[PDB]
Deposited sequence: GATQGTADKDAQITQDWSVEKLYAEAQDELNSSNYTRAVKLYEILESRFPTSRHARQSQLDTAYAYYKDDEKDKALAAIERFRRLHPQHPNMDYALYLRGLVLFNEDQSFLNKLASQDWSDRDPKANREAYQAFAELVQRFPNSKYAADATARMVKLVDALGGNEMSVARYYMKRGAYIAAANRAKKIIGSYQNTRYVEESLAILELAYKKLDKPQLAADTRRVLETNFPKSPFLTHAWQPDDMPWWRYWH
C-alpha cells in the first residue's frame, strides 16, 4: 500500500535502485506507470526499469524494455541514454555480440553526438572495431596460407571497407594486392598498390611483398 504523489513514488523507487533492491524497485516502477501513465516520471520510469534488469542477470528483459521504450517514446529527451544502455547490454566481457554492440553505439554517436554518453560510446566503438578488425585480419592470413586467395581477399576488403580507421588497413592492402596478383586481376592489383602508395607513403609493403 502506497497511495502517494508522483514525486515521492519516483523518489522512492529511485532509492531502492541505489540499495540494489532491483526486484522491489521494478515493482514500484510498474505501480508508477499504472497509477500515473501520462506523467513524465512514467516515461523516465521505463528507462530505469531496463537499467534494473541490466544490473541483474536478466539481459533479455532489458532489451525488450528498451525496444518498447524506443517505439513508444521515440522523441524522448533521454533517448541517447537508451541507445547507450542497449550497447552495454549487448556488450559483454564473438563477432555477433560484438558487432551488434558496435551498431548500437554507432547509432548513438551519429544521432546524438553531443550526448553526455557519446565519448564513452566512441571509446567502446574503438575497442570493438579493433577486436573485429583483428579477427577478420586473422582469417585473412589463414586463407592466404592455404592458397584460398578469393576467400582471403574478401576478409581484406571488409577491413578496408568497414574498419577504415583501424591499424589493420595497411596490411590488408598488401594482402589484397598480392591476392589480386595470384588470381590474375592485374588492374585491381595496380589500383590497390595505388591506394597503399598514397595512404602509407613509407610502407614496408611497397619494397617487400606480403610476409606469411
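- Positions of the deposited sequence absent from the coordinates, in order: 1 to 13, 107 to 122, 242 to 251.
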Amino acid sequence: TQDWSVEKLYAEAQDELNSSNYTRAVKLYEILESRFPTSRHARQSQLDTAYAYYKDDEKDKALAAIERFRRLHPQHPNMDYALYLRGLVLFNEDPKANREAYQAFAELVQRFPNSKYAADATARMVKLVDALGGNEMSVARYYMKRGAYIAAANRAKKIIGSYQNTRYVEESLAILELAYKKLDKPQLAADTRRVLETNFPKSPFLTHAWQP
From here on, numbers count along this sequence of modelled residues.
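- Here the stretch with the larger average CA B-factor, out of 58 to 66 and 174 to 182, is 58 to 66.
- The deposited model assigns a higher average Cα B-factor to 23 to 31 than to the other stretch when 23 to 31 and 161 to 169 are compared.
- Note on the listed residues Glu100, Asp130, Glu136, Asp120: the highest Cα temperature factor in the record is that of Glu100.
- Ranked against the other modelled residues of its chain, the C-alpha B-factor of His73 as given in the entry falls in the highest third.
- In the PDB entry, a CA B factor belonging to the highest third of its chain's modelled residues is recorded for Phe91.
- Ranked within its chain, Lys145 lands in the lowest third, by CA B factor from the PDB record.
- Per the deposited record, the Cα B-factor of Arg40 falls in the highest third when ranked against the other modelled residues of its chain.
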